[PDB]
Each structure stands twice: as C-alpha cells, then as structure tokens.
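All heavy atoms count here, side chains included; hydrogens, waters and symmetry mates do not. This chain uses plain numbering: 1 for the first residue, then up along the sequence. We count ligands from 1, going down the list as the structure has it; atoms in each ligand are counted the same way.
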Amino acid sequence: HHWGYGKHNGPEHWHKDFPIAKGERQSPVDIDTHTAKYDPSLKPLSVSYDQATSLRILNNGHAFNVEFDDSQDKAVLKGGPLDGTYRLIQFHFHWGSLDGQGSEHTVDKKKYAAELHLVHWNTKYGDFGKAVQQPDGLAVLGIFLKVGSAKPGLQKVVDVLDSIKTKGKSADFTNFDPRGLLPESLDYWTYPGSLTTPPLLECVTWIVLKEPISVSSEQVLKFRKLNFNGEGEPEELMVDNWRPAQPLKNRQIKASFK
Ligand SMILES: CCc1cc2c(cc1OS(N)(=O)=O)CC[C@@H]1[C@@H]2CC[C@]2(C)C(=O)CC[C@@H]12
Ligand SMILES: [Zn+2]
C-alpha cells in the first residue's frame, strides 16, 4: 500500500509515511500574483540547453520522465535566484483528467491543464542523490500548459508514449531537444520549496515561468492514455497526478518582472 494519487493513498495520506508533508517549505503553492514582490537584484534566467543529451523515457508509475546524461555540464540552468550551476537530469509533467485541472502550482487560484517540471541539481553536491539532501540541492523550472494550439516540440514525446504505457516500461529517447518546450518569455516567480511527490524533501528552489505554453487537446489526450499500473494489472489511467497547493507559511514569492 504505497503512495499514489488515489482516494486511499493520495496527497491527504502522504504525511503518514512522510511527515515533512506538513513542513515549512512544501510545494506546490498558489502564486498570488498581486502579493508576489518584484525583486530587482533577481538576475535573468540562463537556460543553456544547446548540448542537452536525452537518453531514455520511463513510465515510473507516477509520471513519465525524459532522462538526460548528467555526467557532464551539458544542459545547465544558472542565474536568476541561483548561486552556482545546476545540471538538467530529467523532465516530466503533471496533468489532469480534464483540461480544467492538472497543474500543481496555481496562479491566483487558476489551475492549468498540465505543468512541466525540468529538474536540475546543484553541481557542488556531485550528484542528484546527494543534492536532494541539501536545502539548495535542486532547481526545478516549472512551465504551465494550456490547451489550444499544438506545441510542435512536444510531439516527439507524445508519439513515444504508446511504447511506455505501463509502470516500469522504458524506451530509448535520444536527441530530444528540450528547448522546444519553452515559452518565449523567461519571466518567472521563485520561492523555496520541496519535491511535490514523496519523499517531499525540502531541497528545491522553484522557478515558475509566467508564460504558459500551449499544447493541443490531442496532445494532452495522449498523456491521459498512460497507465499508473504495471502491465497485466488492472488498468488505471494515469490522470490527476498532481499534488494540490500547500500552505505558503513563512515564505515570500519573488517576481523577476514588474
Ligand atoms: C525533482 C524531481 C523529482 C525527484 C524525485 C521525486 C519526485 C520529483 O518530482 S517533482 N514534482 O519535480 O518534485 C520523488 C522520488 C525521489 C526523487 C528524488 C530522489 C529520491 C529522493 C531518491 O533518492 C529516492 C526517492 C527519490
Ligand atoms: Zn513534478
């Protein structure tokens, strides 16, 4: 009986196995745009993905991860609120059963259809497992998805999902360019938080872009055909794999823009 997103093992249950679920810097949160404060002194984001090397895509039973070679400085995030260099290790999404929900962060209580997380770890900690044990170990770039026009750069991801329908399936996924998933503007909000899935470690500097990307109804429909279960187990569609907004507590959200 492990954690998930169902009635009996979903977000309201997680605190029993992971008491940090009720901690002081949990994610996601609602971004109150009127209360967020512009922080001149915030630097422009630097997103350097030209040499990114994707390797594989994996259905891990909670989402699908597109994984990257992070054994060298090839795709890095720097600047913004960050000190030092953070290396891209994987991206994944959270999405809903309906276009009206699916994002983890909300904006003035608005839910988007999905949310992309580009996960990076601070290279001063040597690798990902060590980084998640540090308060400044990770930087996650969050990007909202709304339903409208297709995102051409997402299609290669959508088209491989049939090969990783169920938990534990993986497929080769080389030469995928994550630059094709970014909006025009890098204006962002930032705050200190956590992983949004167990173990919910408080190791993340969140950087959430203001500008959503648009994806087509057909693209998100294909996300919803994935399964949480393994092959040969009862089929349960992988939908609504999002944690709701958590209390902001003693935190201030900063904006890079006015
Ligand atoms: C940040 C990417 C991200 C990473 C992780 C999880 C969930 C994530 O999604 S999100 N929504 O970005 O927070 C949950 C499992 C975590 C793992 C970090 C490494 C951990 C702790 C281990 O060594 C064993 C348990 C592993
Ligand atoms: Zn995530």
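Here is the list of ligand 1 atoms found below 4.0 Å of a heavy atom in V119: 1 (C), 2 (C), 12 (O). Every atom of ligand 1 with a heavy atom of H94 under 4.0 Å away is listed here by number and element: 11 (N). Residue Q90 has at least one heavy-atom neighbour below 4.0 Å for each of these atoms of ligand 1: 2 (C). Close approach of ligand 1 to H117 (heavy-atom distance below 4.0 Å) involves ligand atoms 11 (N), 12 (O).
By the 30° and 60° cut-offs, the orientation of the rings of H120 relative to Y49 is parallel.
Closest protein heavy atom to atom 12 (O) of ligand 1: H92 CE1, 3.2 Å. Protein heavy atom in closest approach to atom 19 (C) of ligand 1: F128 CE2, 3.1 Å. Atom 25 (C) of ligand 1 has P199 CD, 3.7 Å as its closest protein atom, hydrogens excluded (heavy atom only). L195 CD1, 4.1 Å is the protein heavy atom nearest to atom 5 (C) of ligand 1. The protein heavy atom nearest to atom 6 (C) of ligand 1 is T197 OG1, 3.2 Å. With hydrogens left out, the protein atom closest to atom 15 (C) of ligand 1 is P198 O, 3.4 Å, a heavy atom. Of the protein's heavy atoms, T196 OG1, 2.6 Å lies nearest to atom 11 (N) of ligand 1. Of all protein heavy atoms, the one closest to atom 23 (O) of ligand 1 is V132 CG2, 4.9 Å.
By the 6.0 Å contact criterion, CG on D172 is open, its count of non-hydrogen atoms from other residues, nucleotides or ligands being 12 or less.
When all heavy atoms of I31 and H105 are compared, the closest pair comes out as CD1-CB, 4.4 Å. Nearest approach of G193 to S27, heavy atoms of both residues: CA-OG, 3.3 Å. When all heavy atoms of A131 and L138 are compared, the pair lying nearest together is CB-CD2, 4.2 Å. Heavy-atom minimum distance, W189 versus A255: CD1-CB, 3.9 Å.
Both tests pass for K210 against the ring of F257: distance under 6.0 Å to the centre and angle within 45° of the axis.
Closer than 2.8 Å to the Zn ion (ligand 2) sit the protein N, O or S atoms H92 NE2, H94 NE2, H117 ND1.
For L138, every heavy-atom contact with ligand 1 shorter than 4.0 Å involves the side chain, none the backbone.
Residues passing the side chain to side chain contact (heavy atoms under 4.5 Å, CB included) test with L237, sequence neighbours excluded: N227, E235, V239.
Here side-chain hydrogen bond (donor to acceptor under 3.5 Å, both in side chains) pairs that include residues 14-23, with residues two or more places apart or in two chains, are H13-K16.
Checked by atom type, the side-chain pair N250/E24 shows no donor-acceptor distance below 3.5 Å.
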Given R56 and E67, is the salt bridge (charged side-chain N to carboxylate O under 4.0 Å, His left out) satisfied, shown in steps? CA-CA 5 Å; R56 200 176 68 137; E67 298 165 352; 2.9 Å; yes
Between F68 and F176, is the ring pair (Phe, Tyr, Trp, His ring centres under 6.0 Å) condition met? List the steps. CA-CA 9 Å; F68 290 77; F176 179 78; 7.3 Å; no
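Protein heavy atoms are found less than 4.0 angstrom from atom 1 (C) of ligand 1.
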In a table with atom names and distances, give each donor-acceptor pair under 3.5 Å that connects a side chain of residues 156-166 to protein atoms at least two apart or in another chain.
from: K156; atom 1: NZ; to: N175; atom 2: O; distance (Å): 3.2
from: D159; atom 1: OD1; to: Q155; atom 2: NE2; distance (Å): 3.1
from: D159; atom 1: OD2; to: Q155; atom 2: NE2; distance (Å): 3.2
from: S163; atom 1: OG; to: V160; atom 2: O; distance (Å): 2.6

